[PDB]
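Analysis of the macromolecular model
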Amino acid sequence: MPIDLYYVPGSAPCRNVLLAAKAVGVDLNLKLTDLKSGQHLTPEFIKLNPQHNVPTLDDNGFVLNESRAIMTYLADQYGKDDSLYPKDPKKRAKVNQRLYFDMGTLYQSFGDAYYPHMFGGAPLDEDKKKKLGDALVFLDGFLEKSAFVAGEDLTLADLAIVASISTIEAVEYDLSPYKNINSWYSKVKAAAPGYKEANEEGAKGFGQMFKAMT
Amino acid sequence: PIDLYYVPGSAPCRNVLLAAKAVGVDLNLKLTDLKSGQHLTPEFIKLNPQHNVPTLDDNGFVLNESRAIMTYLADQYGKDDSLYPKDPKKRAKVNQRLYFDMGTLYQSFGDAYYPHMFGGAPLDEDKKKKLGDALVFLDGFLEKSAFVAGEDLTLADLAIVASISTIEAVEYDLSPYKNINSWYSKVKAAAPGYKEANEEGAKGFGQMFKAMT
Ligand SMILES: N[C@@H](CCC(=O)N[C@@H](CS)C(=O)NCC(=O)O)C(=O)O
Ligand SMILES: N[C@@H](CCC(=O)N[C@@H](CS)C(=O)NCC(=O)O)C(=O)O
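Method-wise, the PDB entry is recorded as coming from X-ray crystallography, at a reported resolution of 1.70 Å.

As structure tokens, this is what we get:
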């Protein structure tokens, strides 16, 4: 059977996976799982994934959540060669490093600053914004030294980080200080297969939803 | 030589010290005093611009992010496939649990305790509750598997045991979680070098907590 992906388009973690699947060359059967209306909280979804979250991959009964685990699973299980996620232990470690940066530092700080404001009606906190800036400073630093985030080729880590950066852009955060981010971002938009469909449109939709909600 | 810049009370540092024991990698430990800015010297920053620990320096190859260092030691020096299986599906279960550990378990612990320990803030019982939720999910994982990602000790058990030992050290109450507690016993015994790598640092962290608290 085709591999199912339970997802919503505006979700950056979901876009991580959409991008990885396009880059690897995997067709997914997309199962829209609307969170507003609780589709992740049905009895059948809970049974599939006790954490009741998207993305959830179901590859013919093999089920994963965690976007970044899903990305590397697709790449190793279905990739034609290892360019997007090298077998070499050192190059692979660099990609993993930046995937953890993306989760724990970049995307975490974005969510910390923006989700309570968007979903909880909380004031946008300047201290929290600052910490998202600090994360952007680091990423700009990475990209000063290398063409892509984990080295000289586009890898899974650029795909996750672009999903996060496009989301940060979509809430109208000012990316103008980060010249290396900006140059890289243009490069990834052109290089990442299926960029516009897998990421750009969902990110733009997130931005619309942010405006509406705030 | 393979250097580790660290402090022992840090759960992310213990993540690595555990992995290093399990894989069988000797590390030259370089204690890094954070309170006096040793991670902020020019030399450090040159090595790791994020100025954080753990930092690994494997003969000039530099990494930060504990969980990436863990899987690097296995990938580069590993002799036991069962610790971090090469099979893509088994490996993905290990990876899934590592991301659970950073993004759900340890995240929710840090959100609940760090503001209090490091910010003077009072403990928010709703944030503690979200840590509870993460522990509920973990306890569930362990209902139908011996270890967090399958039937063998893996790198994911080692990260999660660093996290749970930290959670225990702040006197959070783990008695409701029967599967976590059974698993925790097993890992303390199964993980090579567990006391050296993890116990004293978790105890240290707990003392620090009690002092700052
Ligand atoms: N760390 C996870 C995050 C997944 C996540 O945050 N999903 C959100 C949507 S963006 C969700 O499904 N929330 C519903 C829930 O957890 O109840 C990943 O990378 O996949
Ligand atoms: N996600 C990183 C977190 C590392 C981390 O937060 N280290 C702390 C100690 S527990 C630190 O070095 N803080 C100093 C700083 O960030 O400037 C990992 O897993 O290694």
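A short note on the sheet that holds strand β1 (residues 3–7) of chain A
Within the open sheet, the four strands sit side by side as β2-β1-β3-β4 (chain A). Their pairing is mixed. Only two strands of the sheet have a single neighbouring strand rather than two, namely β2 (28–32) and β4 (62–64) of chain A. With direction set aside, neighbouring strand axes in the sheet form an average angle of 20 degrees. Here three bridges tie strand β3 (residues 56–59) of chain A to β4(A), and the two strands are oriented antiparallel to one another. Bridge assignment links A:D59 to a residue of β4(A), and that residue is A:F62. The strands touched by helix α4 (residues 88–119) of chain B within the sheet are β3 and β4 of chain A, with β4(A) carrying the most contacts at an inclination of about 25 degrees.

Let's talk about helix α7 (residues 179–191) of chain A
Residues and elements named next belong to chain A. With 13 residues, α7 extends 19 Å between its outermost C-alpha atoms, agreeing within 8% with the 18 Å of an ideal straight helix rising 1.5 Å per residue. Among the residues of α7, those classed as buried are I181, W184, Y185 and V188. Burial along α7 is one-sided: seen end-on, the buried residues are contained in an arc of 105 degrees. Exposed positions of α7 whose direction lies more than 90 degrees from the buried face are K179 and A190. Those residues of α7 that are buried lie in contact with α5 (126–145), α6 (156–170) and α8 (195–213).

Some points on the site of ligand 2
All names here are of chain B. Around ligand 2, the surrounding shell consists of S10, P12, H51, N52, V53, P54, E65, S66, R67 and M102. Contact between ligand 2 and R67: an oxygen atom at 3.1 Å from a side-chain N or O atom of the residue. Surface burial for ligand 2 is 72%, taken as the share of its 510 Å² of free accessible area covered by protein chains.

Topic: the site of ligand 1
Residues and elements named next belong to chain A. Ligand 1 sits among 13 residues. The nearest are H52, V54, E66, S67 and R68. Contact distances for ligand 1 include 2.9 Å between a nitrogen atom and a side-chain N or O atom of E66. In the model, an oxygen atom of ligand 1 is placed 2.6 Å from a nitrogen or oxygen of the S67 side chain. Split into classes, the residues belonging to the shell around ligand 1 amount to five nonpolar, six polar and two charged.

Concerning α4(B)
If you look at α4(B), its biggest bend is around 40 degrees, right at B:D101. Where α4(B) ends, the next residue or the one after it, B:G120, has phi of about 65 degrees, a positive value.

Section: a nonpolar patch on the surface
On the surface, a cluster of nonpolar side chains totalling about 390 Å² of accessible area is made up of B:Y114, B:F118, B:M208 and B:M212. Along the polypeptide, B:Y114 turns up in helix α4.

Structural notes on the interface of chain A and chain B
With 32 residues of chain A at the contact, the number on the chain B side is 31 residues. In total, about 2800 Å² of surface goes out of reach between chain A and chain B, with carbon and sulfur atoms giving 62% of it. Linking chain A with chain B are zero salt bridges, by the criterion used here. Counting across the chain A and chain B interface gives six residue pairs in polar contact.

Analysis parameters
Residues numbered from 1 in each chain as written, not as in the entry; some residues may be left out. Chains lettered and ligands numbered in written order. Heavy atoms only, no water. Pairing = 2+ DSSP bridges. Helix = DSSP H or I, 4+ residues; strand = E, 2+ residues; numbered from the N terminus. Axes fitted to C-alpha atoms, helices over the stretch in contact; angles between N-to-C directions. Contact = heavy atoms within 4.5 Å. Expected span 1.5 Å × (residues − 1). Buried < 20%, exposed > 50% of the residue type's maximum accessible area, 1.4 Å probe, protein only. Arc of directions from axis to C-beta. Near = heavy atom within 4 Å. Polar contact = N/O pair within 3.5 Å; in protein donor to acceptor, adjacent residues only side chain to side chain. Areas by Shrake-Rupley, 256 points an atom, 1.4 Å probe, with all protein chains shown as cover. Nonpolar A, V, L, I, M, F, W, Y, C, P; charged D, E, K, R; others polar. Bend = angle between axes of the 7 residues up to and from the residue. Patch = residues over 30% accessible without salt bridge, like charges linked within 9 Å, V, L, I, M, F, W, Y side chains within 5 Å. Salt bridge = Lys/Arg side-chain N within 4 Å of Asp/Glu carboxyl O. Buried area = accessible area lost by both parts, 1.4 Å probe.

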